[PDB]
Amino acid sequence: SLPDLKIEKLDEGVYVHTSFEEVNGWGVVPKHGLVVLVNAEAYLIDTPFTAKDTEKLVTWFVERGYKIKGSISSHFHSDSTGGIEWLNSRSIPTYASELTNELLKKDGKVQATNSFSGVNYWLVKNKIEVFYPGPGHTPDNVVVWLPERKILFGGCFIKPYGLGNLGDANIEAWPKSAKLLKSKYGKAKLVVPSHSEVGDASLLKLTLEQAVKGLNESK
């Protein structure tokens, strides 16, 4: 019924994985994440919704000669963390911020075996960086910057045509968070959202526009 997991090259060493899941009210939801190759090693940027899809993602790169050295989840929702439990069972290092794992704990969900704190964190030095722009889609949402390619994975923060699920959003901080993100990564060549198509740096402007709009319509 749902479309199959999809793995497409985005740039040298950078793939987009897209998994699909029926959520009530949204219909069939695409979820983009990334796989990043650092030498012969693969790093998941977000997991698919499910264990099954996460395992297909892993064997796709293991088949091709890459070992999985780590995954990081950009916020606590299952569309970023759905495969952490499966990864933990395979001894694959999982990462999530302290707050993200805190929110997973409080939801009765399996946590990543590694955490980081602070606004900045290198998953792989000079290759894969994690940055927290402030609350928005969720209290814990973080973006992943790839400095050698100028690719920003915005996750569920980047929302150019609607803010999506507001269940855990902070609509009052989101505009300040988006404006900070827009100035910091304005030279990004590609911007990858969770649920919308890859774009250029204008997706940062549009995300700001939608967050300001969303704040005003709540008053």
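Whichever C-alpha set is largest while still superposing within 1.5 Å between the two forms counts as the rigid core. One-based numbering along the sequence shown.
Trainee: Fit on the core, then compare CA atoms: does 24 to 32 or 166 to 174 lie farther from this form in 4 other deposited structures of this protein?
Mentor: When 24 to 32 and 166 to 174 are compared in 4 other deposited structures of this protein, the bigger C-alpha shift is seen for 24 to 32.
Trainee: Read off the CA B-factors in the entry, average them over 135 to 143 and over 80 to 88, and name the higher stretch.
Mentor: Comparing averages over the C-alpha atoms only gives 135 to 143.
Trainee: Which has higher Cα B-factors on average according to the PDB entry: 206 to 214 or 18 to 26?
Mentor: It is 18 to 26 that shows the higher mean C-alpha B-factor.
Trainee: From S71, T113, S97, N126, pick the one with the largest CA B-factor in the entry?
Mentor: Comparing C-alpha B-factors across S71, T113, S97, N126, the maximum falls on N126.
Trainee: At the C-alpha atoms, which of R64, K31, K56, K176 reaches the highest B-factor in this entry?
Mentor: Answer for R64, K31, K56, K176: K176, with the highest C-alpha B-factor.
Trainee: Taking the C-alpha B-factors as the PDB entry records them, is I151 in the lowest, middle or highest third of its chain?
Mentor: Middle third of the chain for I151's C-alpha B-factor.
Trainee: Lowest, middle or highest third: which one holds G186 when the chain's residues are ordered by CA B-factor from the entry?
Mentor: Highest third of the chain for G186's C-alpha B-factor.
Trainee: Comparing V35 with the other modelled residues of its chain, is its CA B-factor in the lowest, middle or highest third?
Mentor: Within its chain, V35 is a lowest-third residue by C-alpha B-factor, going by the deposited values.
Trainee: Compare the C-alpha B factor of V192 with those of the other modelled residues in its chain, then answer lowest, middle or highest third.
Mentor: Lowest third of the chain for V192's C-alpha B-factor.
Trainee: Within this chain's modelled residues, let me know which third the CA B factor of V130 belongs to: lowest, middle or highest.
Mentor: Ranked within chain, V130 CA B lands in the lowest tercile.
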